[PDB]
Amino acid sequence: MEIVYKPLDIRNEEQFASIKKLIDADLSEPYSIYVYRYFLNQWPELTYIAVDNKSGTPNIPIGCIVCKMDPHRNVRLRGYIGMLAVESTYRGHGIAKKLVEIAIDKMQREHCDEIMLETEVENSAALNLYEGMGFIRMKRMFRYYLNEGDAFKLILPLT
C-alpha cells in the first residue's frame, strides 16, 4: 500500500465519476450530479482524492473529501466539509484522517476562520476523527437524518 493524496483535476471526467461512485455507496440517499457539480466546479481546489500507487489500479481513487467555503454572517469565512468517503477495503489505515488534515490545511491557507460539518450522533468513527482534531459539538439537530437519528454540528475554530 502506497497511498498518495492529490487535488482534484476538474478536466478529468473519469476522476469526477470515480468520486461520485465512491461517495454514493455509503449514502442511504445519494446525491444527484448537480450536487457534485455545485461543489467541484465552484470549489475545485477544496476536493481531494487518495490513490494507492502500489495497488493494481494506481490511478483509481479509494478515498475522497469534498469541501466548500463561503462567508458566514459577514465577517468570517466558514469552511465546510460536505463529503468524506474511504473505500471499504482501505478503512483503518489513517486515510480519512489524512484527507481531513490536507483539506483543513488548505482551507486554513485560504484564510478560513472556522470549519463546520454535520454528522450522525451514532457515527462514533466520525466523531472520534473530528473531535480528536479539536472539533467540538455546537448543536444537536432533532432527527436531522430521519430514522438514522439526530445530528451533531461540529465546528473547529481556526481564528
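Position 1 is the first residue in the sequence shown; the rest follow in order.
Q: Which of the two stretches, 1-9 or 150-158, shows the higher mean Cα temperature factor in the record?
A: Per the PDB entry, the higher value belongs to 1-9.
Q: Could you check the entry and say whether 41-49 or 23-31 has the higher mean CA B-factor?
A: It is 23-31 that shows the higher mean C-alpha B-factor.
Q: Using the entry's values, work out which of 128, 108, 59, 119 has the largest Cα B factor.
A: Highest C-alpha B-factor among the listed residues goes to 59.
Q: Which third, lowest, middle or highest, does the C-alpha temperature factor of residue 91 belong to within its own chain?
A: Highest third, going by the recorded CA B-factors of the chain.
Q: Looking at the C-alpha B-factor of residue 97, is it in the lowest, middle or highest third of its chain?
A: Its C-alpha B-factor belongs to the middle third of this chain's values.
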